[PDB]
Amino acid sequence: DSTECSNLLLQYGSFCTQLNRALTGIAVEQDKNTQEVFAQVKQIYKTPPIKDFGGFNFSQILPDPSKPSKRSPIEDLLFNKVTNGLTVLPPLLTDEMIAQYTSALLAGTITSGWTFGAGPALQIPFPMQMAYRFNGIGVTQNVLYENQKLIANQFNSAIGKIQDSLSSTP
Amino acid sequence: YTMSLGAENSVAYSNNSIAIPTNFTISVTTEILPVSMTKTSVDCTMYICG
Amino acid sequence: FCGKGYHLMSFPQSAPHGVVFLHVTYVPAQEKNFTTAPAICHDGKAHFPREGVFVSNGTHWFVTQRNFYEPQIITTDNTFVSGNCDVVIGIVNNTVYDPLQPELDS
Ligand SMILES: *[C@@H]1O[C@H](CO)[C@@H](O[C@@H]2O[C@H](CO)[C@@H](O)[C@H](O)[C@H]2NC(C)=O)[C@H](O)[C@H]1NC(C)=O
Ligand SMILES: *[C@@H]1O[C@H](CO)[C@@H](O[C@@H]2O[C@H](CO)[C@@H](O)[C@H](O)[C@H]2NC(C)=O)[C@H](O)[C@H]1NC(C)=O
Ligand SMILES: *[C@@H]1O[C@H](CO)[C@@H](O[C@@H]2O[C@H](CO)[C@@H](O)[C@H](O)[C@H]2NC(C)=O)[C@H](O)[C@H]1NC(C)=O
Ligand SMILES: *[C@@H]1O[C@H](CO)[C@@H](O[C@@H]2O[C@H](CO)[C@@H](O)[C@H](O)[C@H]2NC(C)=O)[C@H](O)[C@H]1NC(C)=O
Ligand SMILES: *[C@@H]1O[C@H](CO)[C@@H](O[C@@H]2O[C@H](CO)[C@@H](O)[C@H](O)[C@H]2NC(C)=O)[C@H](O)[C@H]1NC(C)=O
Ligand SMILES: *[C@@H]1O[C@H](CO)[C@@H](O)[C@H](O)[C@H]1NC(C)=O
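Protein chains in written order, with the UniProt record's numbering: chain A, 745 to 827, 856 to 942; chain B, 695 to 744; chain C, 1042 to 1147.
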């Protein structure tokens, strides 16, 4: 609040304007980064009420209706595990809207595969989508269909191990 | 206002139904990428002292 | 990486201090619902599409390519046999045509 200090500071020119402009550029760049990463879909997709995906369990990654934050158990664990003229500007996208974007992406990739990323979301059963992914890596569809229960059990076990590993590693 | 993230779309998922496209659109989109800047040189002695 | 949609090709254009890419992409449109199955049960054998997907318009079963609707008759030339019908969940019963059958019939 010193007037004499500000009067002497005016002799140095537009240094303060340069620093404020650089900080403003960084601040808008962070919001641009969040838009580029998370806002890649213009449709907010939702999962069906019946979670019949041919044995595949997505409860650890889908949003929990019981929680007010509408986050997944994995996302909730991630948020719990992360802890003089200065101002902190809030982010343009809040955490619930970012979680909503991730939920839309999860619903699109579960119910429609990769179709929603290239155009309109085309529904496909999840085992058939997994068979398409199996064909992408050079494994025939029959291998997926014959061992569907084993693949679903392995996927559920791996997702549970991911949650345990995140909860158990500092 | 509070922003709207996107238009709501509920995909009609069921265990035995698929959606197959019957037509297509040839879409051309623009992507602008900067490559170079203006090449500037400053004579340090002339700038500071003339 | 090269536009929104399935990328077909791209064109470069010079710009002052920059480049403009015209990305020509293929976007699916006018989608239609069909009833689908993982496999076709015929003669105690399970048939799976070689490159397409089994679809049904309500009464008849066909095989089509995944990114465009072009229904074709389910034959031995566009399907492959792996195992019986007891393992695949959701297999349906439909006939599989054989192109060689009229050749030895005549
Ligand atoms: C999907 O996985 C979740 C979590 O692993 C299962 O929820 C469990 O259900 C059992 C039996 O009802 C409970 O004893 C557990 O406490 C539940 N776990 C949690 C974290 O809530 C769920 O049953 C699985 N299957 C489906 C179809 O959702
Ligand atoms: C697929 O969509 C194209 C449009 O891109 C359709 O072409 C149009 O057909 C109508 C009726 O024949 C014409 O009046 C329009 O002028 C056509 N548009 C163009 C750009 O040619 C085409 O008929 C559609 N095909 C199917 C099977 O639905
Ligand atoms: C495929 O079928 C589903 C359900 O039979 C259609 O989804 C319905 O679309 C209408 C019109 O938008 C909605 O009013 C209904 O609520 C939707 N039902 C459900 C369960 O989501 C879907 O539009 C059909 N798709 C095509 C291309 O015909
Ligand atoms: C599903 O598609 C098939 C093939 O296009 C339809 O079968 C044809 O139906 C017409 C209408 O009576 C007949 O004139 C043709 O002879 C049929 N073809 C064959 C090979 O039988 C079938 O009717 C369609 N089903 C529905 C519900 O639309
Ligand atoms: C599909 O066809 C198979 C074989 O033709 C049917 O399986 C038969 O089912 C009857 C009654 O359920 C049994 O008595 C036979 O012994 C079964 N045969 C075999 C080889 O398993 C099957 O039920 C048919 N499915 C539908 C929906 O019609
Ligand atoms: C789809 O689910 C129903 C029960 O809701 C079941 O009767 C049917 O066999 C299932 N079909 C497939 C292909 O899994």
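Cβ coordinates follow ideal geometry from the N, Cα and C atoms, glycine included.
Residue i beta carbon near ligand 5 (any heavy atom closer than 7 Å)
i                      : result
residue 1043 (chain C) : no
residue 700 (chain B)  : no
residue 1085 (chain C) : yes
Nearest-angstrom beta carbon gap, residue j and residue i [assumed within contact, 8 Å]
i                      : j                      : result
residue 1079 (chain C) : residue 917 (chain A)  : 5 Å
residue 714 (chain B)  : residue 1110 (chain C) : 5 Å
residue 1105 (chain C) : residue 1122 (chain C) : Contact flag wrong, Cβ pair sits at about 20 Å.
residue 822 (chain A)  : residue 878 (chain A)  : With 8 Å as the limit, residue 822 (chain A) and residue 878 (chain A) do not qualify as a contact, their Cβ atoms being about 15 Å apart.
residue 709 (chain B)  : residue 796 (chain A)  : 5 Å
residue 1068 (chain C) : residue 721 (chain B)  : 5 Å
residue 774 (chain A)  : residue 863 (chain A)  : 7 Å
residue 1045 (chain C) : residue 723 (chain B)  : 6 Å
Interface flag, residue i vs chain F, CB-CB below 8 Å
i                     : result
residue 729 (chain B) : Structure shown: chain F not included; protein chains present are A, B and C.
Reference residue i, options the options, closest by Cα
i                      : options                    : result
residue 1087 (chain C) : C:1140, C:1145, C:1135     : C:1135
residue 920 (chain A)  : A:819, A:763, A:902, A:907 : A:902
residue 876 (chain A)  : A:765, A:746, A:749, A:782 : A:782
Proximal residues to residue i (C-beta, below 8 Å), its chain only, five neighbours per side dropped
i                      : result
residue 887 (chain A)  : 893, 894, 896
residue 1102 (chain C) : 1078, 1081, 1095, 1096, 1115, 1133, 1135
residue 1043 (chain C) : 1051, 1062, 1064, 1066
residue 915 (chain A)  : 906
Contact test: residue i Cβ vs ligand 2 heavy atom, cutoff 7 Å
i                     : result
residue 709 (chain B) : no
residue 717 (chain B) : yes
Identified DSSP bridge partners for residue i
i                      : result
residue 1081 (chain C) : C:1088, C:1133
residue 1073 (chain C) : B:714
residue 703 (chain B)  : A:789
residue 1103 (chain C) : C:1096
Same chain, Cβ closer than 6 Å to residue i, five either side skipped, listed in chain order
i                     : result
residue 778 (chain A) : 865
residue 801 (chain A) : 928
residue 924 (chain A) : 799, 800
7 Å Cβ shell around residue i - same chain, five flanking residues per side excluded
i                     : result
residue 868 (chain A) : 813, 814
Ligand 3 heavy atom lying under 7 Å from the CB of residue i
i                      : result
residue 893 (chain A)  : no
residue 1149 (chain C) : The question about residue 1149 (chain C) has no answer here: the residues shown for chain C are numbered 1042 through 1147.
residue 1070 (chain C) : no
Any non-hydrogen atom of ligand 1 closer than 7 Å to residue i Cβ
i                     : result
residue 933 (chain A) : no
residue 810 (chain A) : no
residue 795 (chain A) : yes
Contact test: residue i Cβ vs ligand 4 heavy atom, cutoff 7 Å
i                      : result
residue 881 (chain A)  : no
residue 1135 (chain C) : no
residue 1099 (chain C) : yes
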